[PDB]
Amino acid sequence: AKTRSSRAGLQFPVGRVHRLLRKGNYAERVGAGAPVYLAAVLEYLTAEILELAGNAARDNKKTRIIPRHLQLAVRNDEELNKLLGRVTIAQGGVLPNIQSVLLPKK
C-alpha cells in the first residue's frame, strides 16, 4: 500500500492535506487532484525559503537556520518579500539599511 504522497512523488503529506481541506469547509466536495496539487505547491515554497535561508545561514558562518536567517532570506527576495509583505517573523529583526543622507562627510 503506497501512500498518496508516494504515488505523487512528493515529500509533503497528501493524505493530511486532503483531510485539512475537508475539515476546513472550503466547499462541499474536494476532488482527489486538489490535495496533490496543493501539497506540491506547499512543498515547493518551503523548499524555496529553506534554500535561501540555508544560504543566509552559511553567509553568517552558521550551520543552524534560526529565525533571523528566515527573515534575511525573505526580505532579500523580491517575491517572497511580496508574498509575505504583511507577515512578521518573530525574532527576525530587519535588513541592515541606512539612508544615504545620514552618512557622514561627502
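Heads up: residue numbers just count along the shown sequence, starting at 1.
S.K.: Test of understanding: from the entry's C-alpha B-factors, which stretch has the higher mean, 27-35 or 68-76?
M.R.: Result: 27-35.
S.K.: Comparing 18-26 with 92-100, where is the mean C-alpha B-factor higher?
M.R.: 18-26 has the higher mean C-alpha B-factor.
S.K.: In terms of the CA temperature factor given in the entry, to which third of its chain does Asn81 belong: lowest, middle or highest?
M.R.: Middle third, going by the recorded CA B-factors of the chain.
S.K.: Looking at the C-alpha B-factor of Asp59, is it in the lowest, middle or highest third of its chain?
M.R.: Highest third, going by the recorded CA B-factors of the chain.
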